[PDB]
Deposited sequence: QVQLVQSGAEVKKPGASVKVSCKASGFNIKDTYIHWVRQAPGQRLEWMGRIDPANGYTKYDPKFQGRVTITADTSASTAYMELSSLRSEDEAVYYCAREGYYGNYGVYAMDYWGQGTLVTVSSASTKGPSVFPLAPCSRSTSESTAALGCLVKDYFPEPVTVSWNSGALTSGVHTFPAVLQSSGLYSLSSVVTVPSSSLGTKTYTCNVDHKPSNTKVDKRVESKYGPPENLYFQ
């Protein structure tokens, strides 16, 4: 029931501004505090600021302050985070977090977190990915794959058989090419007996370019 939805991943030019939303559902937004946390590539969690959606008061981190502006719309039950003058160092995954009071203990704790929103600070244009199948030439286990080549920005979401086939799936992290475009492969290991008797479709999805591919590997 208690959920913390977040807006889709965004790409912005260096020097511009980005506004990320946080949809609160399954609990009264006014009853808690909302935090924003920046998570740099592979680096530690960095707290940005807190808002009291009920009154509006804000407490920002001394380094983030002046560039971060947290807003909240109680009627729409959503919290927003605006970050301007975007530098290459601002390219990270941003998380919104619910902080609830615990009556029994008499303390407050940052319990629930949002799924996260990736911010890409780049000059390169938004491009849809080229999907290619990965089937070999001619033992028990047989490997099939999908090559999500040449795309910008990150990320892409690869499913198999509309989310039915989950076991054996290995979607590797995207590798940044010299071309400046990203690329990742998604492999799935299935037995030879089941092969030729079942359809094997990979469900590629790139939301920034509104690309949606459903390629069958044979």
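Show which contiguous pieces of the deposited sequence have no C-alpha coordinates, counting from residue 1.
In the chain as deposited, 139-142, 223-234 carry no coordinates.
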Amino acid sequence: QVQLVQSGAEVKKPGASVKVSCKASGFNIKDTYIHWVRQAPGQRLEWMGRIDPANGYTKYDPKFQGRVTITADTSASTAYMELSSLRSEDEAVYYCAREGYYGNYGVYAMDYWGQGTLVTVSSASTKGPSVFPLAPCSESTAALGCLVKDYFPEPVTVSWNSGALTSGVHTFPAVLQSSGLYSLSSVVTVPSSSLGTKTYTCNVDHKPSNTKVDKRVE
From here on, numbers count along this sequence of modelled residues.
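May I ask you to compare 189-197 and 54-62 by their mean CA B factor in the entry and name the higher one?
Looking at the recorded C-alpha B-factors, 189-197 comes out higher on average.
Comparing average C-alpha B factors as deposited, tell me which of 23-31 and 44-52 sits higher.
That would be 23-31.
Going by the deposited entry, which of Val37, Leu176, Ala164, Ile70 has the highest CA temperature factor?
Largest recorded C-alpha B-factor: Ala164.
Using the temperature factors of the C-alpha atoms in this entry, rank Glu99 within its chain: lowest, middle or highest third.
Its C-alpha B-factor, which the entry lists for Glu99, ranks in the lowest third among residues of this chain.
According to the PDB entry, is the CA B factor of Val2 in the bottom, middle or top third of its chain, that is, lowest, middle or highest?
Highest third of the chain for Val2's C-alpha B-factor.
When the deposited Cα B-factors of this chain's modelled residues are ordered and cut into thirds, is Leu83 in the lowest, the middle or the highest one?
Its C-alpha B-factor, which the entry lists for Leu83, ranks in the middle third among residues of this chain.
In terms of the chain's CA B-factor thirds, is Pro155 lowest, middle or highest?
Its C-alpha B-factor belongs to the middle third of this chain's values.
For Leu147, does the deposited CA B-factor place it in the lowest, middle or highest third of the chain?
As the PDB entry reports it, the C-alpha B-factor of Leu147 lands in the middle third of its chain.
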